[PDB]
Amino acid sequence: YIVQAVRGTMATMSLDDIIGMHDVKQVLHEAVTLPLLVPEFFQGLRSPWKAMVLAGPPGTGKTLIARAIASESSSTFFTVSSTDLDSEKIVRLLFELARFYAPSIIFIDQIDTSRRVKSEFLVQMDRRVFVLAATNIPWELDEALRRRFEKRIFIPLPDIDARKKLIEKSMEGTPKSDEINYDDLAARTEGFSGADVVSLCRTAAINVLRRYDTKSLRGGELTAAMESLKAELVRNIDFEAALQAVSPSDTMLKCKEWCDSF
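Shown next, in the form of C-alpha cells:
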C-alpha cells in the first residue's frame with residue numbers, strides 16, 4: 173500500500194549519552210539487553226518481560242532512555258506518538280514490520296491518549333518485540349491497559365549532581381564567559397525536569413540577543429552590529445534573566464504512590 177510513515181519511525190544513541198537514571202538503566206539493561214545476549218539464562222522462570230511502562234513527570238528522559246536501550250541491545254527502534262490525529272491501518276503494520284525486522288522495540292508515548313484504536317493495539321499486543337510505554341498521568345486507568353503492563357518503572361527528576369552535568373552538557377559549544385557557576389545553577393534549579401534545563405539554556409543563550417540594542421534593526425542588509433553578535437558570550441546576567449523566566453513543571460509524588468503500589 174501507500175503508508176510509508178512506518179519507515180518514518182524505524183531505526184538501525191548510546192547508553193552513556195544519558196546522564197543519571199542509574200537505577201532506570203540497570204532495570205532496562207537486565208530487562209532488554211541481557212535477555213537477548215544470554216538467552217539460555219533468560220528462559221522459563223527467567224523469561225524476559227515483553228512490555229513495561231515508564232511513568233514519571235514530563236520531559237525527564239523517557240524517549241532518550243528508550244532509544245538508548247535500543248542502541249545498546251542492537252534493537253530496531255519504533256517510535257510512535259499516541260496521536261492518531269483509517270488510523271488503525273498502521274499498528275498491524277508497525278507490529279508486522281517490528282516482528283519482521285528481527286528484535287525490535289516499540290516505544291509509544293502518552294498511552295493516556310480515532311475510535312476503535314486500542315482494539316488493534318491489544319489485538320496485536322495480547331521473534332522478539334519489546335514494547336516500552338510512557339505516560340505522564342498513570343492515574344488514568346483503563347484497566348485493559350493497566351493489566352497488559354505488569355512492570356511499571358518510575359523515572360524521576362534529576363538530583364543536583366545530575367542537574368549540573370545536564371546544565372554543562374547543554375552549554376557546550378556555545379560561547380560563554382568563565383564566570384558562570386554551574387554549581388549555583390544546579391542548586392537553583394531544584395525541581396527542574398530534564399527538558400526545563402534545555403529551555404533554561406536556550407533562553408539565556410538568546411538573552412544575549414535581548415541585552416542588545418534592538419534598534420540595530422537592519423533586515424536584508426548585514427550590519428557590523430550583527431557581526432558583533434557572533435562575538436557575544438552568554439553570561440550570568442543571562443542565566444539570572446533565564447531563571448526568573450523558566451519555571452519548573457507534591458505534583459510528581461503521585462507516580463511514586465502509583466508505581467510502588469497497585
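Going by UniProt numbering, the letters in the sequence shown line up with residues 173 to 184, 190 to 262, 269 to 296, 310 to 322, 331 to 453, 457 to 469, in that order. C-beta: ideal position from N, C-alpha, C; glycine also.
Item, Value
"The segment 196-216 contacting the segment 355-366, beta-carbon criterion three pairs below 8 Å", "yes"
"Whole-angstrom distance between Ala-247 and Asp-365, CA atom to CA atom", "26 Å"
"Residues bridged to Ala-228 [DSSP beta-bridge criterion]", "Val-335"
"Contact between the segment 371-387 and the segment 440-449 (3+ Cβ pairs under 8 Å)", "yes"
"Where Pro-234 falls, given that 16 or more other Cβ within 10 Å makes a residue buried", "buried"
"Coil, strand or helix - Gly-423 by DSSP", "strand"
"8 Å Cβ shell around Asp-194 - same chain, five flanking residues per side excluded", "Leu-241, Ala-245"
"Chain-order list of residues whose beta-carbon lies under 7 Å from that of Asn-411 (same chain, five-residue window excluded)", "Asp-442, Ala-445, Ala-446"
"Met-190 versus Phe-469 - alpha carbon distance", "33 Å"
"Cβ-based burial, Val-230 [other Cβ within 10 Å; buried from 16]", "buried"
"Proximity below 7 Å, CB of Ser-270 to CB of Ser-310", "yes"
"For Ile-289 and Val-335, believed in contact at Cβ under 8 Å, the rounded distance", "5 Å"
"Pairwise C-alpha distance: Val-402 and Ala-390", "13 Å"
"Residue interval of the beta strand (DSSP E) (run including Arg-356)", "355-358"
"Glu-347 to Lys-380 span [Cα, whole Å]", "51 Å"
"Residue(s) in a DSSP beta bridge with residue 309", "The chain lacks coordinates between 296 and 310, the interval that contains residue 309."
"Residues near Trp-226 by beta carbon distance below 6 Å, same chain, minus five either side", "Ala-208, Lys-355"
"Whether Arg-332 touches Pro-360 by CB criterion (7 Å)", "no"
"Proximity below 7 Å, CB of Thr-407 to CB of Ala-449", "yes"
"Simplified DSSP state of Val-204, which is helix, strand or coil", "helix"
"Inter-residue spacing [alpha-carbon to alpha-carbon] between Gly-377 and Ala-409", "11 Å"
"Buried versus exposed, by CB contacts within 10 Å (16 or more), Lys-419", "exposed"
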